[PDB]
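**Student:** Questions regarding the structure given below will be posed in turn.
Reconstructed Cβ throughout: ideal geometry from the backbone, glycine too, with neighbour counts over all protein chains shown. Nothing in this text is a laboratory measurement; each read-out follows from the coordinates by a stated rule.
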Amino acid sequence: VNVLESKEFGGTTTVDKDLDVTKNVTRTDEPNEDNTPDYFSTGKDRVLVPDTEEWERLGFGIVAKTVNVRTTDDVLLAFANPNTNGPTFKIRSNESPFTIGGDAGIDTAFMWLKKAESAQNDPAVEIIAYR
Amino acid sequence: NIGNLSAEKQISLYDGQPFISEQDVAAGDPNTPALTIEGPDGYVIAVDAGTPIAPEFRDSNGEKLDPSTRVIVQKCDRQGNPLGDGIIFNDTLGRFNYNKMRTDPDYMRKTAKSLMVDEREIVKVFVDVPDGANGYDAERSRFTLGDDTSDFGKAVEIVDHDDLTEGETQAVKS
Amino acid sequence: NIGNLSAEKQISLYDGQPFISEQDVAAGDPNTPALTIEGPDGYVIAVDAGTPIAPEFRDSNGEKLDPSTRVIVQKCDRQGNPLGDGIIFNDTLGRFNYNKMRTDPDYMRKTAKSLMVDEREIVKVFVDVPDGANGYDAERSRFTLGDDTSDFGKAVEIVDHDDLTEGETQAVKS
Amino acid sequence: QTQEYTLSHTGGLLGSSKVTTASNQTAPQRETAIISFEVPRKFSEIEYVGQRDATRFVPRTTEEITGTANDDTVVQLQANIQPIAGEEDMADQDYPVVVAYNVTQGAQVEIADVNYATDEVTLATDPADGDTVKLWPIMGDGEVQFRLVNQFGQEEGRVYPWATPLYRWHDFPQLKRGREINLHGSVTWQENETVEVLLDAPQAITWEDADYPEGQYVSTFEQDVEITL
Amino acid sequence: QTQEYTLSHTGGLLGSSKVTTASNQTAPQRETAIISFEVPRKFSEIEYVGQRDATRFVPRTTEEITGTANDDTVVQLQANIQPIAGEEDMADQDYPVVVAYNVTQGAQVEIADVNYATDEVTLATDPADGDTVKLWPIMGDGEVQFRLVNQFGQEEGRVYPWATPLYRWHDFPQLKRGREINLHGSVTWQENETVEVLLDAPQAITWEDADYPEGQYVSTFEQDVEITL
């Protein structure tokens, strides 16, 4: 079982580096599940939250190492459950386009969201889960 | 001579103390805490499953506010941040019958569960006045948490952090 | 979702029910029952050794009748027939202190023994007014048999006859 | 992660949007609904347990009474009155069984004496001709039940089939351990599986009038629960 | 050979020589001493045990109020007032929260009504111009502690470091098992190892005036002990 774990680690390092994995030679021929990465986004249409006392939820189909957000209004956020043990995390519309993640691989999913006190609605756009 | 005592000490909290804090409140502003308890340094405190409260919350004119008023005790970590995981005593106001409920075993309103408070952790007393009512004042009001003088009631248990070896464990608990 | 429940159910009887019956009464006529409980079809009921009663029996003018008045609860089989073998709560009237005895554990007047009532068996409430007193009315009066809301008192136990296999046995008991 | 909490006739854990209040049907008596409890955005579930959990409910009605030059001081009511915890001594009822308020004189109207089971009242003051007064006696002679909804209106059924009366409700003194109420029933409802209380009675009910003196809310319902966060 | 006993603000087991009474400092608030307890000639020791032993303390202040031709009937006090056991109904307070006495007319001065938390009072009678009246409201808004002395003034320290308030003291009804007071502390002191109670408050205190009607002693402190003979 020790050498089995060694083989598993070798396969994991292979999938990570994508150097010893010769699957790329066939992946480049045409798209498949292996070439095509899975991720999440939203359509062109901005997503709206004109309401409060209302913690919008968003269920990614995958864990996400990083994110990317664009808006036109100040809002709140929490990647933990905002109601039970969740830290607030607020937005300034000036610094609306941004990201977090990457090297700091966060094991997040099922994000939450909500409007904050402003003078309009919070149309949002999002790009997530390069994982 | 004086008799030795344990680190554990049985007490009863209230308004006129240094580390506690308060403020006035207006109607229709439940998010404003009228009381802000605040962990002293090197002093853990503790509350078992059931302990009295004397939620005396009267008007400027010395009158208990509307019975539709509500009280929510609530734990808070640092960052001035409320918390849902950990909350005590969601109840109304016009229910307690102040004059006797500070005394009798029966009126006596105990907590929902236990609690612990490290050297700096906050607790807040949110007060949902419905709207259009009379405002709140504190000087014409009080508040308590324990029954330490008596023989049937419970009391708050304080300990000095230096007198323990599980302090790191409770710090991990938070 | 709803939580499942047993056939046994804990209740408290009173005047304004369909199957119960009542009538007015005049003085010096103890044989007139002011209340006539009457077994519903397919519903056995049960009373353990001790259960409260609220024998509220007032005047037309809303006044408890003379303290020399007496109350006798009494079992009856069919045929409208009273029965000595099986009888509960022989007591006076001007004793109960109505206003509190509906509440306190101490005033609370329990039965002499247990009871069972098949799908059609009668119970009667005979009322010995001595003579020359004020008559009885029911609309200005009440009556009860149980304490089901509370936590110290007892309650009446009803069962649907279909949900048993000992129903034949209890029928033989009668 | 189970913590006990309290509900209200107003807002609280629902923001006055996941709850409603309502009057009842009177001319045909109907076991109508007066109040609901919709699960809000957040919770996983709610639990009620009679024989473990408490309840409070203070119902009052409304009417309108004019006055006269040779004013009466006396009224009759088509809503049976009783005490709450003990005597009918308004000083020590644990809350009054009647409230009154003159409209012309924007002031209270104190009581002198009650014709107890006659369902009539004597007042302390002397109203004037064409002068309006609003009363708020308590509500008795009526049933109550609970039920449930499957996100549409398809009822699961009811908590506990047998009803409970309101004169009895007033009778049992609230605010006393053991003498508290603990009904029968045991349920659970998740998001949008709203609950609705039901009432069958002749008389009306009143939640608000905007002229009731004592705290904007004529009646109330309040309740304990055991919530999963 | 251990027997329980009782102490007093006066004499008793001390002959009014091994005890003293004293007022307090007001202009600078100081945690001053008002009363001591010196062990007398005889005893081997004394013991106090909070959480086992009882206590009683009825403090009142003093002032002086003139009168007027168009007398006021009304007063304000710079000493917060509360009830003792329940309502502010002077008939049933378990002892009054105010006492009054006219000086010119060597007679009581009965009360009509109290402005409760306003800390003002209405009287029943009508004083006269230049007429003096003495009042004795209760004392609130002040701390209390115990301590000890090593035969000189070198304090051992204190019984229990945390204080206790007097409005609270009044609040808890004396004279009721369980609802009695039982502080925290456990001590012992032999001959001349006197004890001294301490008080920190703005307002004064009063033990005697020689014109107070009810029994020569305006205030009191009384206490239980467990003595070795």
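**Student:** When the Karplus curve 6.51 cos²θ - 1.76 cosθ + 1.60 is applied with θ = phi - 60°, which whole-Hz ³J(HN,Hα) does each residue of the range E:96-104 get, with x for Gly and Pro?
**Tutor:** x, 8, 9, 10, 9, 7, 6, 9, 4
**Student:** With a Cα-only, solvent-free Debye model of chain B, what are the log10 I(q)/I(0) values at q = 0.08, 0.09, 0.16 Å⁻¹?
**Tutor:** -0.25, -0.32, -0.98
**Student:** Which residues' amide hydrogens lie under 5 Å from the amide hydrogen of D:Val114, considering only partners 5 or more residues apart or on another chain, with H built in the peptide plane?
**Tutor:** Counting only residues 5 or more places away or on other chains, the set is D:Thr122.
**Student:** At 7 Å along Cα-to-Cβ for each site, give me the label-to-label distance between D:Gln154 and D:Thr122 in nm.
**Tutor:** Roughly 6.1 nm, to one decimal.
**Student:** Once the piece of chain linking D:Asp129 and D:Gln190 is laid out straight, how much longer is it, given 0.36 nm per residue of separation minus the C-alpha distance between them? Before the final figure, lay out each step's value.
**Tutor:** On the way: separation 61, 0.36 × 61 = 21.96 nm, distance 5.57 nm.
Gain in length upon complete extension: 16.4 nm.
**Student:** Which of rounded, prolate or oblate describes chain A when judged by the alpha-carbon gyration tensor and an a/c cut-off of 1.5?
**Tutor:** In terms of gyration-tensor shape, prolate.
**Student:** On to the next question. State to the nearest 20 debye the size of the charge dipole of chain D about its Cα centre, where the only charges are +1 on K and R beta carbons and -1 on D and E beta carbons.
**Tutor:** Dipole about the Cα centre, nearest 20: 960 debye.
**Student:** So which of B:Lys64/D:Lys18; A:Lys65/B:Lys75; C:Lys113/C:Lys173; A:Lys65/A:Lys90; B:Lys75/B:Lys173 end up more than 24 Å apart by C-alpha? Intermediate results must be reported in sequence, preceding the final value.
**Tutor:** On the way: B:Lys64/D:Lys18 28 Å; A:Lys65/B:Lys75 32 Å; C:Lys113/C:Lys173 16 Å; A:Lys65/A:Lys90 20 Å; B:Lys75/B:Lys173 14 Å.
Distance filter (> 24 Å) returns B:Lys64/D:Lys18; A:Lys65/B:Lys75.
**Student:** Computed over the Cα atoms, what is the radius of gyration of chain D divided by 2.2 N^0.38 Å, N being its residue count?
**Tutor:** 1.11
**Student:** Using only helices, what value at 222 nm comes out for chain B when you add -39,500 (n - 2.57) per DSSP H run of length 4 or more and divide by the total residues, to the nearest 500 deg cm²/dmol? Please list the in-between numbers first.
**Tutor:** On the way: 2 runs with 11 residues, N = 174.
For chain B, the value works out to -1500 deg cm²/dmol.
**Student:** Taking amide H positions as placed in the peptide plane 1.01 Å from N, state which residues far from B:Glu22 in sequence (5 or more) or on other chains have amide H under 5 Å from it.
**Tutor:** Under 5 Å from the amide H of B:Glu22: B:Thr36.
**Student:** Also, I was wondering about something else. Any idea what angle helix A:2-17 forms with the longest principal axis of chain A, computed on alpha-carbon atoms, 0 to 90 degrees, nearest 10?
**Tutor:** 60
**Student:** Mind listing the phi-derived Karplus ³J(HN,Hα) values for the range A:97-103, rounded to whole Hz, using 6.51, -1.76 and 1.60 with θ = phi - 60°, and x for any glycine or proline?
**Tutor:** So the Karplus estimates, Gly and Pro as x, are x, 6, 9, 9, x, x, 4 Hz.
**Student:** Also: Going by amide H atoms built from the backbone, whose H comes under 5 Å of the H on D:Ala54, apart from near neighbours?
**Tutor:** D:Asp224
**Student:** Dipole magnitude of the range B:44-134 about its Cα centre, charges +1 at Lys/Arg Cβ and -1 at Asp/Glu Cβ only, in debye to the nearest 20?
**Tutor:** In total the dipole reaches around 140 debye.
**Student:** Please express the shape of the range C:1-102 as an equivalent ellipsoid: the semi-axes are the square roots of 5 times the eigenvalues of the C-alpha gyration tensor, given largest first in whole angstrom.
**Tutor:** Whole-Å semi-axes of the equivalent ellipsoid: 27, 19, 14.
**Student:** I need the calculated FRET efficiency for the pair A:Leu58 and D:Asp71, taking r as the beta carbon distance and R₀ as 56 Å, to the nearest 0.05.
**Tutor:** For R0 = 56 Å, the calculated efficiency reads 0.25.
**Student:** Just to check I understand the Karplus step: with θ = phi - 60° and J = 6.51 cos²θ - 1.76 cosθ + 1.60, what whole-Hz values come out for the range D:65-71, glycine and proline as x?
**Tutor:** 10, 7, x, 8, 3, 8, 3
**Student:** Could you give the dipole magnitude of the range D:92-133 about its Cα centre, charging the beta-carbon of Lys and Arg +1 and that of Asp and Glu -1, in debye to the nearest 20?
**Tutor:** 120
**Student:** Calculated FRET efficiency, A:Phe9 and B:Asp162, Cβ-Cβ r, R0 41 Å, to nearest 0.05?
**Tutor:** For A:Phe9 and B:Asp162, the calculated efficiency is 0.30.
**Student:** Over chain B, calculate the relative contact order: mean separation of alpha carbon pairs under 8 Å at least 6 apart, over the residue count, as a percent.
**Tutor:** 40
**Student:** Would you calculate a helix-derived [θ] at 222 nm for chain D, using -39,500 (n - 2.57) for each DSSP H run of n ≥ 4 and dividing by the full residue count, to the nearest 500?
**Tutor:** Only helices count here, giving -500 deg cm²/dmol.
**Student:** Give the Rg/Rh ratio for the protein assembly as shown, taking Rg as the radius of gyration of the Cα atoms and Rh as the Kirkwood radius, to two decimals.
**Tutor:** Details: Rg = 35.0 Å, Rh = 33.8 Å.
Ratio of gyration radius to Kirkwood radius: 1.03.
**Student:** Hey, another quick one. Considering the alpha-carbon set of the range E:60-139 alone, what are its Rg and its Dmax in angstrom?
**Tutor:** 12.2, 37
**Student:** May I ask you to derive the FRET efficiency for C:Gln23 and C:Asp91 from their Cβ-Cβ distance with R0 = 30 Å, giving the value to the nearest 0.05?
**Tutor:** 0.90
**Student:** Considering Cα pairs under 8 angstrom that are at least six residues apart, work out the relative contact order of chain E and quote it in whole percent. Write down the numbers at each step before the final one.
**Tutor:** On the way: 529 pairs, mean separation 85.1, N = 229.
About 37 percent, as a whole number.
**Student:** I've got another one for you. With a sphere of radius 10 Å drawn around the Cβ of C:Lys154, what net charge do the other residues whose Cβ falls strictly inside it have (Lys, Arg +1; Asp, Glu -1)?
**Tutor:** That sum, taken over residues with Cβ under 10 Å, equals -3.
**Student:** Report, in deg cm²/dmol and to the nearest 500, the calculated mean residue ellipticity at 222 nm for chain A, where each DSSP H run with n ≥ 4 adds -39500 (n - 2.57) and the sum is divided by the residue count.
**Tutor:** -5000 deg cm²/dmol, from helical runs alone.
**Student:** Report, as a whole number in µm² per second, the diffusion coefficient that Stokes-Einstein gives for the range D:5-79 at 37 °C and 0.692 mPa s using the Kirkwood radius over alpha carbon pairs.
**Tutor:** Details: Rh = 16.5 Å.
Result for D is 199 µm²/s.
**Student:** If you add up the charges near D:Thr206, with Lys and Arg at +1 and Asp and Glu at -1, over every other residue whose beta carbon is less than 15 angstrom from its beta carbon, what do you get?
**Tutor:** -4
**Student:** List the relative contact order of the range B:26-104 as a percent without decimals, with contacts defined as Cα pairs under 8 Å and 6+ residues apart.
**Tutor:** 24
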